[PDB]
There are 2 protein chains.
Amino acid sequence: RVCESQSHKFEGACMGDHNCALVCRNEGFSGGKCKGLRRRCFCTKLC
Amino acid sequence: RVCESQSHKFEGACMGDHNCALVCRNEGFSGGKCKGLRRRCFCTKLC
């Protein structure tokens, strides 16, 4: 089961899922991706 | 740090946040609330 949390560190429009994943790993998550028309980085991990 | 996961048990459209919270507690989360244009139940817990 997957849980999500918006990144605290990601700056600017999320244009590249991989960059978001890397920032999210620095925040303690397993990965992440960009979501929405607002292009925000959302970190993911197993609940 | 809070995380979110769409409910796996909640039936249909989410009207009452309290109902969603109780359903989500049965899924092992601390709470939950109805969100989105298509009113769905999202469970929350500390990650």
# chains A, B, ... in the order shown; residues from 1 in each chain; ligands from 1
$ select_by_dssp --residues "chain A" --states "alpha helix (DSSP H)" --output "PyMOL selection string"
chain A and resi 17-26
$ interface_residues --of "chain B" --to "chain A" --cutoff "7 Å" --atoms "only C-alpha atoms" --output "list in words"
residues 2, 3, 4, 5 and 47 of chain B
$ write_last_selection --atoms "N, CA and C atoms" --output "compact mmCIF listing (two decimals), in the first residue's frame"
# COMPACT_ATOMS: atom_id res chain seq x y z
N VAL B 2 2.90 13.97 7.76
CA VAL B 2 1.71 13.19 7.45
C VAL B 2 1.79 12.69 6.01
N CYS B 3 1.21 11.52 5.79
CA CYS B 3 1.04 10.95 4.47
C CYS B 3 -0.41 10.55 4.26
N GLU B 4 -0.76 10.38 2.99
CA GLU B 4 -2.12 10.11 2.57
C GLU B 4 -2.18 8.93 1.62
N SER B 5 -3.30 8.20 1.69
CA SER B 5 -3.53 7.07 0.79
C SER B 5 -5.03 6.93 0.58
N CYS B 47 3.91 9.19 8.37
CA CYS B 47 4.71 8.22 7.65
C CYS B 47 5.92 7.77 8.43
$ calpha_fit_and_write --fixed "chain A" --moving "chain B" --output "short mmCIF file (atom, residue, chain, number, x, y, z; two decimals) with N, CA and C atoms, in the first residue's frame"
data_model
loop_
_atom_site.label_atom_id
_atom_site.label_comp_id
_atom_site.auth_asym_id
_atom_site.auth_seq_id
_atom_site.Cartn_x
_atom_site.Cartn_y
_atom_site.Cartn_z
N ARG B 1 0.90 -1.37 0.62
CA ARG B 1 0.06 -0.14 0.58
C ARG B 1 0.95 1.09 0.53
N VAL B 2 0.85 1.88 -0.59
CA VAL B 2 1.66 3.07 -0.79
C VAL B 2 0.92 4.29 -0.25
N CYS B 3 1.70 5.25 0.24
CA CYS B 3 1.20 6.54 0.66
C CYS B 3 2.01 7.64 0.00
N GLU B 4 1.42 8.83 -0.01
CA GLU B 4 1.97 9.99 -0.69
C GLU B 4 2.00 11.20 0.21
N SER B 5 3.00 12.05 0.00
CA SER B 5 3.12 13.30 0.75
C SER B 5 3.81 14.33 -0.14
N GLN B 6 3.23 15.52 -0.30
CA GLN B 6 3.87 16.54 -1.13
C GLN B 6 5.25 16.83 -0.57
N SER B 7 6.21 17.07 -1.47
CA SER B 7 7.59 17.31 -1.08
C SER B 7 7.70 18.57 -0.24
N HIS B 8 8.59 18.54 0.75
CA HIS B 8 8.90 19.69 1.56
C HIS B 8 10.16 20.41 1.09
N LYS B 9 10.90 19.84 0.13
CA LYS B 9 12.15 20.42 -0.33
C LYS B 9 12.13 20.90 -1.77
N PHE B 10 11.26 20.37 -2.62
CA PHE B 10 11.35 20.61 -4.04
C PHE B 10 11.01 22.05 -4.36
N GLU B 11 11.87 22.71 -5.14
CA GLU B 11 11.73 24.12 -5.47
C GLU B 11 10.90 24.28 -6.75
N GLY B 12 9.79 25.00 -6.67
CA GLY B 12 9.12 25.39 -7.90
C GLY B 12 8.38 24.28 -8.64
N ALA B 13 8.20 24.50 -9.94
CA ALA B 13 7.44 23.60 -10.79
C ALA B 13 8.21 22.30 -11.05
N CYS B 14 7.50 21.17 -10.97
CA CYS B 14 8.08 19.84 -11.14
C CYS B 14 8.02 19.44 -12.61
N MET B 15 9.17 19.43 -13.28
CA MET B 15 9.21 19.02 -14.68
C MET B 15 9.65 17.56 -14.79
N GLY B 16 10.75 17.21 -14.17
CA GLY B 16 11.33 15.89 -14.29
C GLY B 16 10.97 15.00 -13.12
N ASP B 17 10.29 13.89 -13.42
CA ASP B 17 9.91 12.97 -12.34
C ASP B 17 11.13 12.46 -11.61
N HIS B 18 12.21 12.19 -12.35
CA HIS B 18 13.42 11.68 -11.73
C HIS B 18 13.98 12.67 -10.71
N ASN B 19 13.92 13.96 -11.03
CA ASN B 19 14.44 14.93 -10.09
C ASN B 19 13.60 14.90 -8.82
N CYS B 20 12.29 14.80 -8.99
CA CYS B 20 11.40 14.73 -7.84
C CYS B 20 11.67 13.49 -7.01
N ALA B 21 11.84 12.35 -7.66
CA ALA B 21 12.19 11.13 -6.95
C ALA B 21 13.46 11.28 -6.13
N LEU B 22 14.49 11.90 -6.70
CA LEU B 22 15.74 12.04 -5.95
C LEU B 22 15.57 12.99 -4.77
N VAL B 23 14.85 14.08 -4.98
CA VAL B 23 14.59 15.01 -3.88
C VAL B 23 13.84 14.30 -2.77
N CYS B 24 12.82 13.54 -3.15
CA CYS B 24 12.01 12.80 -2.18
C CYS B 24 12.81 11.75 -1.44
N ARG B 25 13.77 11.10 -2.11
CA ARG B 25 14.60 10.14 -1.39
C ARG B 25 15.43 10.82 -0.32
N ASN B 26 15.86 12.04 -0.57
CA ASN B 26 16.54 12.84 0.43
C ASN B 26 15.63 13.19 1.60
N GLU B 27 14.32 13.18 1.40
CA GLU B 27 13.36 13.38 2.47
C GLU B 27 12.97 12.09 3.18
N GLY B 28 13.59 10.97 2.82
CA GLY B 28 13.29 9.69 3.46
C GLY B 28 12.18 8.87 2.84
N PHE B 29 11.73 9.20 1.64
CA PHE B 29 10.74 8.46 0.88
C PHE B 29 11.45 7.56 -0.13
N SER B 30 10.71 6.66 -0.72
CA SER B 30 11.31 5.73 -1.67
C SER B 30 11.34 6.28 -3.08
N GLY B 31 10.47 7.23 -3.39
CA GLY B 31 10.40 7.75 -4.73
C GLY B 31 9.50 8.95 -4.77
N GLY B 32 9.19 9.38 -5.97
CA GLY B 32 8.23 10.45 -6.14
C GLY B 32 8.04 10.77 -7.60
N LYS B 33 7.02 11.57 -7.86
CA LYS B 33 6.69 11.94 -9.22
C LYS B 33 6.00 13.29 -9.20
N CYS B 34 6.13 14.00 -10.33
CA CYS B 34 5.42 15.24 -10.58
C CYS B 34 3.96 14.93 -10.88
N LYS B 35 3.07 15.69 -10.27
CA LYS B 35 1.64 15.51 -10.48
C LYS B 35 0.92 16.84 -10.36
N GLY B 36 -0.32 16.85 -10.84
CA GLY B 36 -1.23 17.96 -10.66
C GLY B 36 -1.15 18.98 -11.77
N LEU B 37 -2.19 19.78 -11.86
CA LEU B 37 -2.21 20.83 -12.86
C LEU B 37 -1.11 21.85 -12.62
N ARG B 38 -0.93 22.23 -11.35
CA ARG B 38 0.25 22.97 -10.88
C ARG B 38 1.27 21.90 -10.52
N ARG B 39 2.21 21.69 -11.44
CA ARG B 39 3.11 20.54 -11.41
C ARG B 39 3.88 20.56 -10.10
N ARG B 40 3.50 19.71 -9.16
CA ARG B 40 4.18 19.64 -7.87
C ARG B 40 4.78 18.25 -7.67
N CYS B 41 5.80 18.19 -6.83
CA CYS B 41 6.51 16.94 -6.54
C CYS B 41 5.84 16.26 -5.35
N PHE B 42 5.39 15.01 -5.56
CA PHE B 42 4.76 14.20 -4.52
C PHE B 42 5.65 13.00 -4.22
N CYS B 43 6.03 12.84 -2.97
CA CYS B 43 6.89 11.75 -2.53
C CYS B 43 6.00 10.56 -2.17
N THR B 44 6.53 9.36 -2.36
CA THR B 44 5.80 8.13 -2.03
C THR B 44 6.67 7.19 -1.20
N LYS B 45 6.02 6.40 -0.36
CA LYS B 45 6.69 5.35 0.41
C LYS B 45 5.63 4.35 0.85
N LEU B 46 6.06 3.23 1.41
CA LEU B 46 5.09 2.32 1.99
C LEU B 46 4.62 2.88 3.32
N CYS B 47 3.32 2.85 3.56
CA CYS B 47 2.95 3.34 4.88
C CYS B 47 3.10 2.30 5.95
#
$ select_by_dssp --residues "chain A" --states "strand (DSSP E)" --output "ChimeraX atom specification"
/A:2-6,31-35,40-46
$ write_last_selection --atoms "N, CA and C atoms" --output "PDB file, in the first residue's frame"
ATOM      1  N   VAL A   2       0.548   2.167  -0.930  1.00  0.00           N
ATOM      2  CA  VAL A   2       1.354   3.359  -1.185  1.00  0.00           C
ATOM      3  C   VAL A   2       0.748   4.559  -0.478  1.00  0.00           C
ATOM      4  N   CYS A   3       1.617   5.319   0.172  1.00  0.00           N
ATOM      5  CA  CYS A   3       1.313   6.599   0.787  1.00  0.00           C
ATOM      6  C   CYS A   3       2.092   7.695   0.074  1.00  0.00           C
ATOM      7  N   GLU A   4       1.511   8.892   0.079  1.00  0.00           N
ATOM      8  CA  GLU A   4       2.068  10.059  -0.571  1.00  0.00           C
ATOM      9  C   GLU A   4       2.095  11.254   0.365  1.00  0.00           C
ATOM     10  N   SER A   5       3.098  12.109   0.153  1.00  0.00           N
ATOM     11  CA  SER A   5       3.240  13.347   0.915  1.00  0.00           C
ATOM     12  C   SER A   5       3.925  14.354   0.003  1.00  0.00           C
ATOM     13  N   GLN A   6       3.382  15.549  -0.111  1.00  0.00           N
ATOM     14  CA  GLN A   6       4.048  16.561  -0.917  1.00  0.00           C
ATOM     15  C   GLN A   6       5.443  16.849  -0.366  1.00  0.00           C
ATOM     16  N   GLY A  31      10.674   7.434  -3.225  1.00  0.00           N
ATOM     17  CA  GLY A  31      10.648   7.974  -4.564  1.00  0.00           C
ATOM     18  C   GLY A  31       9.588   9.049  -4.601  1.00  0.00           C
ATOM     19  N   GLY A  32       9.134   9.363  -5.803  1.00  0.00           N
ATOM     20  CA  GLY A  32       8.170  10.434  -5.962  1.00  0.00           C
ATOM     21  C   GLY A  32       7.943  10.712  -7.414  1.00  0.00           C
ATOM     22  N   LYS A  33       6.944  11.552  -7.655  1.00  0.00           N
ATOM     23  CA  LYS A  33       6.688  12.002  -9.010  1.00  0.00           C
ATOM     24  C   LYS A  33       5.928  13.315  -8.998  1.00  0.00           C
ATOM     25  N   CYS A  34       5.933  13.957 -10.149  1.00  0.00           N
ATOM     26  CA  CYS A  34       5.194  15.188 -10.331  1.00  0.00           C
ATOM     27  C   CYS A  34       3.724  14.873 -10.566  1.00  0.00           C
ATOM     28  N   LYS A  35       2.846  15.682  -9.995  1.00  0.00           N
ATOM     29  CA  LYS A  35       1.421  15.445 -10.164  1.00  0.00           C
ATOM     30  C   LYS A  35       0.707  16.768 -10.368  1.00  0.00           C
ATOM     31  N   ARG A  40       3.389  19.716  -8.878  1.00  0.00           N
ATOM     32  CA  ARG A  40       4.003  19.613  -7.570  1.00  0.00           C
ATOM     33  C   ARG A  40       4.649  18.241  -7.437  1.00  0.00           C
ATOM     34  N   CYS A  41       5.734  18.193  -6.677  1.00  0.00           N
ATOM     35  CA  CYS A  41       6.428  16.950  -6.377  1.00  0.00           C
ATOM     36  C   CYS A  41       5.798  16.256  -5.179  1.00  0.00           C
ATOM     37  N   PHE A  42       5.366  15.017  -5.384  1.00  0.00           N
ATOM     38  CA  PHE A  42       4.754  14.198  -4.342  1.00  0.00           C
ATOM     39  C   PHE A  42       5.627  12.983  -4.084  1.00  0.00           C
ATOM     40  N   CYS A  43       6.099  12.862  -2.859  1.00  0.00           N
ATOM     41  CA  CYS A  43       6.931  11.760  -2.390  1.00  0.00           C
ATOM     42  C   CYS A  43       6.058  10.561  -2.043  1.00  0.00           C
ATOM     43  N   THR A  44       6.602   9.371  -2.240  1.00  0.00           N
ATOM     44  CA  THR A  44       5.902   8.131  -2.037  1.00  0.00           C
ATOM     45  C   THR A  44       6.712   7.147  -1.215  1.00  0.00           C
ATOM     46  N   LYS A  45       6.007   6.297  -0.479  1.00  0.00           N
ATOM     47  CA  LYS A  45       6.625   5.176   0.212  1.00  0.00           C
ATOM     48  C   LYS A  45       5.512   4.176   0.517  1.00  0.00           C
ATOM     49  N   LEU A  46       5.894   2.979   0.934  1.00  0.00           N
ATOM     50  CA  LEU A  46       4.944   2.029   1.427  1.00  0.00           C
ATOM     51  C   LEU A  46       4.392   2.504   2.751  1.00  0.00           C
TER      52      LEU A  46
END
